[PDB]
Amino acid sequence: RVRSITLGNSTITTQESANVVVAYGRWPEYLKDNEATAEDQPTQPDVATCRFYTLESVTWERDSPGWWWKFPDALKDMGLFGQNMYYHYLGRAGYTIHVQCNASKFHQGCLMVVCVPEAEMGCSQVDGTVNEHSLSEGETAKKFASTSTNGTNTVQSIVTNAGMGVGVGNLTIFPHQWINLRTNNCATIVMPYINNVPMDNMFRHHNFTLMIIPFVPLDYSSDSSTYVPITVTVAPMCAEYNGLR
Amino acid sequence: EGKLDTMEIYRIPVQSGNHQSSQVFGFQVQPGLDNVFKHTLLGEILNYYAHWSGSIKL
Amino acid sequence: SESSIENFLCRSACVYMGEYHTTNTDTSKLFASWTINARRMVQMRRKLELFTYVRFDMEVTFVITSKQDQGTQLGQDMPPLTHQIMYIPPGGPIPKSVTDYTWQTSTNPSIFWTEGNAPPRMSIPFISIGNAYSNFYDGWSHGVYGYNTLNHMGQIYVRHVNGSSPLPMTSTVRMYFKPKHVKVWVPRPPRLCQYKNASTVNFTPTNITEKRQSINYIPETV
Amino acid sequence: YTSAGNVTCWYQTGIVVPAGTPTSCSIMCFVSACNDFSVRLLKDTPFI
Amino acid sequence: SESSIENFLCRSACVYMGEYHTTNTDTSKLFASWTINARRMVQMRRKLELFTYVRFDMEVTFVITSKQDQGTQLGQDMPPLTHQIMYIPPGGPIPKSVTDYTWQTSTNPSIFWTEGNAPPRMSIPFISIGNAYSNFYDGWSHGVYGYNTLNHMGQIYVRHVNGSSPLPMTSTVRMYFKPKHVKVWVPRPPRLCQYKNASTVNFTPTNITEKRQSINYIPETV
Amino acid sequence: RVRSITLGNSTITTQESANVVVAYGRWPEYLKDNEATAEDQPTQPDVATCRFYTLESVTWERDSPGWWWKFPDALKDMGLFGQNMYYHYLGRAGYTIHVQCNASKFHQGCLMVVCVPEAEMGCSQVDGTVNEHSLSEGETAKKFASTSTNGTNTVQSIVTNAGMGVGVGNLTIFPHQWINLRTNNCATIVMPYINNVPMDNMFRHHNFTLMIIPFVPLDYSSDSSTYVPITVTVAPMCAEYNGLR
């Protein structure tokens, strides 16, 4: 009851009892042919964009508020998919995201894993503006805080308002999955391309945001490990660019 | 400068001798907005409309 | 049936009220202007933020009232006043005086109306080179965070249509706005914090809800 | 500061002539639109 | 679809604004007049000059506003005012006073209107013994260069319809003009220079376009 | 009688009266499927490798011995085709090479244009060894000399022996084309992939060498231009790499 999956020259292993969320019922696909027939011809890499990219693990401790990543540009240094971001003026893609934990039966805790489109964030100063570095750091995660933040140009990252001004118990409206250390330790989310235009430039726009948020904190006792590792793996799907010839 | 009121404004100069890697000319393709395309027959039409799109032939 | 999208969003509201004179010594008080967006009406803003992408037509009605200034001069006998209401599409010329040439450009649609009649009304289609409007944008304008140029919807300008050396008068216009034939995509959670300004999502941190006495407390039954 | 494409021209070889021909010369550019061109939202022009 | 000829030309515009009194000591200030042509509206003129021959019908709407003169006398109680709007075809009698006989000729079509009602409107057909109008004429009138008599379109005159010894009042009329059912022939290049007067094509020499830094200069990419 | 050719987002213009040499009768193509079925799966870019790349022009003067380029690595800085050289461990490709001149009817001269597989070159010192920089400089051409050279680690580049120890009048045994300023000014050569293994690594091996050699020198008189420009344009064909998943 273990499946082994190979994309390109990558191989990972999952359990065949996985559960998969397809975001709004829609699988990813190519914009078919004839939105812009004449002088808008696209191309597709399909070479080493369809392959598993694995980020660094994060460390879940007793007081961890949460983590977030921006897509794309979490992959702007990831081999070929990142090269294509510099060579081409427009693009699009869907994604498959796997999130996994490594824990024992003597640990306990609960995580929400959610993919949020257009996650526009607020500044720590009400009459201020957010910086580009405070929104993302690429393949390194940003951190939520457990109290309200200060300083100039920083996202106001108190975890109960999720940086967007809503109640964090209501983020289940988005494509999401629960990880309860008692019953499962994995989550797969398949995201299609969602925009109000068919293609776009991939450097000054963040299509979506992946967030991981503990709702019940990690607990252990006498001589268990004091942390739990979380691992994120991403495979781009049906990527497509403007033709160069 | 110096030739916005002569027929010379329309002529790209090709010089004599051996300069076999130098630039001859270059421009951005922006009809409607850019000065070199702004007053042509295509540019004058596009400036009556607030949104336009298509292909261009040079 | 009352929770359909059309019955929830397609409702009229006053979104701008402005004043303008026939004679003045400021010359910006001689006309009124408004930029069309749906972010300075706090009740419509919140209902619109439940979705990420929207598509609609606009309908605008104008209620216009005039007054003679309390300055001094009485015994007048005046014909009814005429007004001009001009819509500028995105990518159009903007006037800066009331005597400007742009009040006569053939591609700015315009309405001429005289008091005493029914209130004037114009209908604007979905105007965007994109495929939908967006209530949320996680990007840069090219640089302002959260602002994309596909959301431009135009402007409205109002003036008096007198001749030379007019008599002093003060008018007020109220604009009533209504979206029609509406379609929405990607639902979102409702805004929990108060809005702080009209262009950002900035906020001060807010409590999740209000307290009670204890986790067991249920009030005595009648 | 445009976000538009560009066109450039380069000397690959240089111009070669026999004896008794002019030395310098000229190039001309013509522009046009192709059949798939569309326009929207008539407005006023900024030239008069 | 928005670049069709009808959608490009068939649009309404204010082309004349004039003032006239009920009593005066000039007797030319007692009525207003306008000769119909499309050469003193600079934005319509330029769009019309893209073609050599045109054919259209005309539609004219009138917005009319009145005022009691600030001279002296108050406490009045007046009924609403009546106005007469007369169109003269080409080859018709022209009035010179407001008491003239030509304000009663049976072949000059006329409109009678009282304030408070909807704005008046008349529709004029293509009136020419030729087959089209011409925006450009490389000839002599028989002698004026560039002027041919087939382009006559008529005139409009407006007065008050009181009786004898009326009370002092000042009115303003605005005329809104619109061509309909339009057809054009022989396209031309767009006017590059500013217009200098209303009857000629005279101009001062103009630059072909504006300068840049060098023949290689392309601005740095964002 | 002019044709306009578009590959990707590139466009060049040639004459329809062109003559084309297909190297040994063989057009380029993919190694079909099943030389190495099981764990040797290839992929193909077909994105912005099929596109015209144009080098800098060279200047033909009265005393020009000749020019040469090495393939690949004349394209190691050329956009995507160069990115793929670093991301992938093995590859292969064919090429189309256009060579053009700009000259008048008052000029005269004759060029040989030849594509030589495995052009192993000799050192200027008989008991020496050749350097890596003296074999190629990437997209810049190396130059032949009109007399015999010296110095350490340099290719012995006297033009009559073509750096290979043969008579230069006999290079017509390879795929070649003549450019006689009197009758034509252009040359197209289509080269397939030629090796003794199906794939290979593209950094430490030079598949073939393009050479351009004047056999009758340029001549002009009174006030003609004193040089003639030559231009080289390359389009890769049927490129293919090792799969990464």
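Going by the order they are written in, the chains are A, B, C, D, E and F; count residues from 1 in each one.
Rule of thumb we're sticking to: a contact is a pair of C-beta atoms (placed from the backbone, for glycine too) under 8 Å apart; a residue touches a chain by one contact, two chains touch by 3 or more.
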Looking at C-alpha means, what's the farthest chain from chain F? E
Given the two chain pairs A-D and C-D, which is bridged by the higher number of C-beta pairs in contact? C-D
Work out the mean Cα position per chain and let me know which chain is farthest from chain B. A
Centroid distance [mean C-alpha coordinates] between chain E and chain B, Å: 39
What whole-number Å value describes the gap between the mean CA coordinates of chain B and chain F? 35
What whole-Å value do you get for the distance between chain C and chain F if each is reduced to the mean of its CA atoms? 65
Scan chain B for residues touching two or more other chains and write them down. 12, 16-21, 23, 25-28, 44-45, 48-51, 53-55
For chain C, which residues are shared contacts with two or more other chains? 89-92, 101, 105-107, 129, 142
Give me the residues of chain F that touch two or more other chains. 56-60, 223, 225, 227-230
List of chain F residues in touch with chain A within their complex: 6-11, 43-48, 50-52, 79-80, 83-84, 87-88, 241-245
Contact set on chain A toward chain C in their complex: 24, 117-123, 125-130, 148, 156, 158, 160-161, 164-171, 173-174, 194, 196-198, 204-207, 209
Touching chain E in the complex, chain B uses residues 1, 4-5, 9, 12, 23, 25-28, 35-36, 38-39, 41, 44-45, 48-49
Quick one: in the complex, what on chain C touches chain A? 52-53, 130-134, 136-140, 142-146, 150, 186-193, 196-197, 200-206, 208
Can you list the residues on chain F that touch chain B in the complex? 56-61, 223, 225-230
